[PDB]
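Asker: sequence first, structure after; it's an experimental one.
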Amino acid sequence: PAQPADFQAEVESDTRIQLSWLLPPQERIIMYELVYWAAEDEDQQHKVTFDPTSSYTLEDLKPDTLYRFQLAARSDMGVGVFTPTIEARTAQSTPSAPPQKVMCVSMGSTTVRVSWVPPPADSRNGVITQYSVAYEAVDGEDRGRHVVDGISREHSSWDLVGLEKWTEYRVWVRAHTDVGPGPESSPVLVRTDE
């Protein structure tokens, strides 16, 4: 029941972590027992048993989450001593949800202010870096899509200026991270004040 040595975690992707360790010098190991859990949620811990191998990769994980691991080998004597716990955090990814509670109210003849709220945390998959408001006119002079990038994460509302007068618009807004942009919000209608 010797504790496995040289236990090391490697971050392969945003949802896949590879665990490696030194195989014992021909020790009569039956199975390996791996126990891991999310650092933010200690109550739910996961356990997996597998045949004697040198490495094991975990899949279907959550991005931007810290996972801690412990390993032991069970022989004909029983389950050995667990390895000292190691931790590894998954990489970031694009958001899996649009900004919620999207709204917009006309401010004047050529100004329309749009507001939103950051998406839920369980689908952010990283740090929200910026936003992007997309909109198209309907009854306006030009029916051309316009988008505004670089919307910093500090504010939750942006003012669209220079548009047409007394006309309807559709608005879209999506979250952004270093990996890429997330899904856009559902379109919301708005009519320009005159």
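Answerer: Cool, the structure landed. Numbering: from 1, shown residues only.
Asker: angles on the backbone of residue 123, please.
Answerer: When read as degrees, to the nearest 10, the backbone of residue 123 gives phi -130, psi 10.
Asker: what bridges to residue 70?
Answerer: Counting by DSSP bridges, residue 70 is bridged to residue 35.
Asker: give me the neighbour count for it.
Answerer: Counted with other CB atoms under 10 Å, residues neighbouring residue 70 total 17. (Each C-beta comes from the backbone N, C-alpha and C, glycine too.)
Asker: pretty sure it sits against residue 83.
Answerer: Yes. In this structure residue 70 lies within contact range of residue 83 using CB atoms under 8 Å: 5.8 Å.
Asker: what residues are shared contacts of these two?
Answerer: Common contact partners of residue 70 and residue 83 (CB atoms under 8 Å, 6 or more residues apart in numbering): none.
Asker: spatially central residue in the protein, please.
Answerer: residue 125 (1.1 Å; CA atoms, centre = their mean).
Asker: would you check that that one makes contact with residue 14?
Answerer: Yes. Between residue 125 and residue 14 there is a contact under CB under 8 Å: 7.2 Å.
Asker: joint contacts of the two?
Answerer: Both residue 125 and residue 14 are contacted by 63, 64, 92, 93, 179, under the criterion CB under 8 Å, 6+ apart.
Asker: the first one contacts residue 95, doesn't it?
Answerer: No. Look at residue 63 against residue 95 with CB under 8 Å: they stay out of range, at 9.9 Å.
Asker: which one's more surrounded, these two?
Answerer: Shown here are residue 63 and residue 95; by other CB under 10 Å, residue 95 has more neighbours (25 against 21).
Asker: wait, a strand at that one?
Answerer: No. Under DSSP: H, G, I helix; E, B strand; the rest coil, residue 95 sits outside any strand and is assigned coil.
Asker: please report how far it lies from residue 85.
Answerer: Noted for residue 95: a distance of 30 Å to residue 85, by CB to CB, to the nearest Å.
Asker: okay, domains of this protein per the record?
Answerer: Per curated CATH domains, the structural domains of the chain span 1-90, 91-194.
Asker: deepest in the core, which of these is it.
Answerer: domain 91-194 (a mean of 16; mean count of other CB atoms under 10 Å).
Asker: which residue packs closest to residue 99, ignoring adjacent ones?
Answerer: Nearest residue to residue 99, sequence neighbours excluded (CB to CB, 6 or more residues apart in numbering): residue 116, at 4.1 Å.
Asker: keeping just the C-alphas, turn the helix or strand hosting the one you found into PDB.
Answerer: Element membership for residue 116, per DSSP states H and E: strand 111-117. Extracted as PDB, the C-alpha positions of strand 111-117 are listed here (Å, rounded to 0.1, in the frame of the first residue of the first chain):
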ATOM      1  CA  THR A 111     -29.600  59.300 -28.600                       C
ATOM      2  CA  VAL A 112     -30.700  56.000 -27.200                       C
ATOM      3  CA  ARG A 113     -29.300  54.700 -23.900                       C
ATOM      4  CA  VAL A 114     -29.100  50.900 -23.500                       C
ATOM      5  CA  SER A 115     -28.500  49.100 -20.200                       C
ATOM      6  CA  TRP A 116     -27.700  45.500 -19.300                       C
ATOM      7  CA  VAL A 117     -26.500  43.200 -16.500                       C
END
